[PDB]
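Listed here are the chains, written in short residue letters.
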Amino acid sequence: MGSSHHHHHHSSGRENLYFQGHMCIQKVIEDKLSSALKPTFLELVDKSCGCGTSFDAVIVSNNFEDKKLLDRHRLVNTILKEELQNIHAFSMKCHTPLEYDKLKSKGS
């Protein structure tokens, strides 16, 4: 038995820690890639490349645990195609809820 793969839209219950629901350029980019890759957790830190604001986002998504290197690459580039247009330099740290749980719950 199995075949369980649910099209979960957006939890709107676990991400209640972030107050970044206020409409802004950051909100747009965040929600756009979030809707596509669907990360259970998304951390956004300022990591300026040197010229202007730059965003360094730690992603936590099961979509990437399948180890589809080229597939996650093509998907990311497709959405971040337009996304990047609004950012001088967007950096991302690819991680899963499995590895994220380690960091948050225990440490290692």
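Determination of this PDB entry was carried out by solution NMR, according to the record.

Caption draft 1: Expanded view of the environment of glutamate 82. If you trace the backbone, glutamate 82 turns up in helix α2 (residues 69-83). Counting along the chain gives 65 residues from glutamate 82 to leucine 17, while the straight-line C-alpha distance between them is 27 Å.

Caption draft 2: Expanded view of the pattern of salt bridges. Summed over all chains, the structure comprises seven salt bridges. Ionic pairing is found between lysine 47 and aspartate 56, a salt bridge with its closest N-O pair at 2.7 Å. Linked through salt bridges whose partners overlap, the residues forming this network are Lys47, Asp56 and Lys93.

Caption draft 3: Region of the structure containing the pairing of strand β2 (residues 55-60). The element β2 is extensively covered by neighbouring structure, given that five of its six residues are classed as buried. Summarising the sheet, strand β1 (residues 41-46) and β2 pair through six bridges and their orientation is antiparallel. If you follow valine 45 over to β2, its bridge partner there is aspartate 56. By the bridge criterion, six bridges tie β2 to strand β3 (residues 90-95) in an arrangement that is parallel. Looking at β3, one finds that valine 58 is bridged to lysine 93. In this view, the connection linking β2 to its parallel neighbour β3 by way of α2 has right-handed handedness.

Caption draft 4: Summary view of the side chain of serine 54. Tracing the sequence through the fold places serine 54 in the loop between β1 and β2. Residue contacts for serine 54: discarding those within four places in its chain leaves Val45, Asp46, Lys47, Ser48, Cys49, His88 and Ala89.

Caption draft 5: Summary view of the packing of helix α1 (residues 25-37) against α2. Contact geometry for α1 and α2: axes closest at 10 Å, N-to-C directions at 160°. If you check the angle between α1 and α2, you find them roughly antiparallel. The way α1 lies across α2 gives a crossing that is right-handed. On the side of α1, the interface is formed by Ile29, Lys32, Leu33, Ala36 and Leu37, while α2 contributes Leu75, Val76, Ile79, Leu80, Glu82 and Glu83. Each residue belonging to the contact of α1 with α2 can be placed in one class, and the counts come to eight nonpolar, no polar and three charged.

Caption draft 6: A look at the side chain of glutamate 30. Within the secondary structure, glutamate 30 is located in helix α1. At a separation of 2.6 Å, a polar atom in the side chain of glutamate 30 contacts the side chain of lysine 27. In contact with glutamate 30, other than residues within four places in its own chain, are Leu42 and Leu44.

Caption draft 7: Representation of the environment of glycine 13 within the structure. Secondary-structure assignment places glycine 13 in the segment before α1. Placed 94 residues apart in sequence, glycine 13 and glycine 107 show a C-alpha to C-alpha distance of 24 Å.

Conventions used here
Residues numbered from 1 in each chain as written, not as in the entry; some residues may be left out. Heavy atoms only, no water. Helix = DSSP H or I, 4+ residues; strand = E, 2+ residues; numbered from the N terminus. Salt bridge = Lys/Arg side-chain N within 4 Å of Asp/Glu carboxyl O. Buried < 20%, exposed > 50% of the residue type's maximum accessible area, 1.4 Å probe, protein only. Pairing = 2+ DSSP bridges. Right-handed = clockwise from strand over helix to strand, strands pointing away. Contact = heavy atoms within 4.5 Å. Axes fitted to C-alpha atoms, helices over the stretch in contact; angles between N-to-C directions. Parallel < 35°, antiparallel > 145°, perpendicular 65-115°, else oblique. Left-handed = near helix turned anticlockwise from the far one by under 90°. Nonpolar A, V, L, I, M, F, W, Y, C, P; charged D, E, K, R; others polar. Polar contact = N/O pair within 3.5 Å; in protein donor to acceptor, adjacent residues only side chain to side chain.

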